C-alpha cells in the first residue's frame, strides 16, 4: 500500500470484507467467480498484477519482452517466495499452466489458455497431446517463456487472472483436494490462509515471505460469505463489516445514498447482467422463443424502476465501454416497449404457443436479495408482456455454477465481468468449445468472426469484427441482455487505498490501509 504523507494509521490494521457467497474453492484452477477471485488475489500472485488503478503491472515478473507478440519472455524477480520460504520459480509457472490445460483438472478456465493462444492448447484440451506439450518453458529458474500460435498484442493483459497464478506442486501432489486446507496450503501472495470455516468466514494473515511485504499494511483480512445484500449492509452499519460486497439491496439503497453518501461508492464496472438461456435445450433451441424473451423484457422498468442504482439498459454482451468496443446498437433497442411486445408475442405465437399451451419454464438464480427481487420483477414483466409462466428457483453460488455447466437448466440469471479489458474477454466465452460457455451456444459463424480477429493486425478491423460478433450473438438471441453494471458498494471512511478507478475491480488487500478513527 502507499500511505499518503500525514495520514495517521490505526493501531490495529485489520479489515473485514463481505464476499457475497461461500467460495467454490481456493484452488486457482477450480474457480471462476468474483468471490473466488477476490480471495485468490490476496493469496496467489501471477506474472503480472493490477496496480491500484487497475493497470497491468509487475507481479512475480519484474520485467518482460515480446517478439512479434508471439514469444513472451518474463523475467521473474529473484526474491519472489512462497509462504514456506521457498523460491517462486519459472518451473512453478510451467507446472501450473500445464495443470490448468490438463483435462483431468477439469478447470472451468482451461480455455483461458486458448484465449491467449498458447501453443498446442487445442490438442491438449482435446486429449490429443499431453499437457507437457504446452508452449511454456522455464529457460532458467527466473525466466518463464511463453510461445503463442499467433500474435496477441494484448496477451500480457490476461496475466493478472487467478487461472494463470502459480500453485505449489508439492502440496497439490501430497494432499490432493485438501491441499488448500490451512494446515497444508502454501501461498505466494501478500497473505496466507489462517482460518477457513465453511459458510462462516475465511481469515487471511499477512505473509512475511511475500517479496513486497514491507509495503503491506493490513495484517489480517476476513472474507465473509453473506449472500443477503440486506444483511451485508446491516452488518456494515453495525460496525462489523468494513467493505460490503458489491451487490446492493433494492430495499435499502435509496435510503443509503441519502443517509451515508460519502460511503456509497459507485464506479464504472465492466460487467453485464443478463438472463442466460440454455441454448441446447428445447424449446430454448428455437430462436423465436429466445428472441421473444429478449424483446419482451422491459429494461427501462428493471433498470430505472425496480433497481434504480445507476445501471444502463443493455443490448449486447460485451459492455460498450470495454477498451476496443465500437458496438452497433440494434434497431430493436430503439423501439418502444409496446413494439417489442407485439413482435415477441408474434414470434411465440409463431413458435406454437397458445393460451391453453403456454410457455412455462424455470428461472434459476443464485441465492440473493437482489437477484430474487429482479427475478420476481422479470417473471411479472414476462407474464404481463408475453403471457409466459416462470418458476423461480434459488441455489447457493457453488451449486448454481455447477448447474449451469451441467446444462441442468432452462434460463438462469447471470453476470460476466471482464478478466482483461478487451472485447474478447467477453466474446471468447461464447465460442463453441469454451470452458466458460454456460449458454451452451455453438455458432460456427460466431466462432469464425472471433478467429478472424487475430488474423488481421489492424485495430479497426478487429473492432469491426467484435461488433459483427455481437451482431451474430444478437441475431441468434443467445442471451437476454439486461443491464451493464455499475460497481456499487459501501466502504467505511477509514478504509484508505480503494480508488474505484479500476473498471475490473481487481482489489488487493495489500494496497489498503486503516486510517485512525
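Only the largest set of C-alpha atoms that superpose within 1.5 Å between the two forms is called the rigid core. Residue numbers count along the first chain shown, from 1.
- Relative to the shown model and aligned on the rigid core, the C-alphas in 9 other deposited structures of this protein deviate most, among 76-84 and 330-338, for 330-338.
- Averaged over structures and residues, the CA distance from the shown form in 9 other deposited structures of this protein after a core fit is larger for 457-465, of the two stretches 36-44 and 457-465.
- Look at the C-alpha B-factors of 252-260 and of 399-407. On average they run higher in 252-260.
- In this entry, 5-13 has the higher mean Cα B-factor, the comparison being between 5-13 and 500-508.
- Per the PDB record, 344 has a higher Cα B-factor than any other of 344, 314, 190, 217.
- Set against one another, the Cα B-factors of 415, 320, 387, 162 in the record reach their highest point at 387.
- Residue 492: CA B factor in the middle third of modelled residues in this chain (values from the PDB entry).
- The PDB entry assigns residue 440 a C-alpha temperature factor belonging to the middle third of its chain's modelled residues.
- Sort the chain's modelled residues by C-alpha temperature factor and residue 45 lands in the lowest third, per the entry.
- Per the deposited record, the Cα B-factor of residue 334 falls in the highest third when ranked against the other modelled residues of its chain.
- When all modelled residues of the chain are sorted by CA temperature factor, residue 235 is found within the lowest third.
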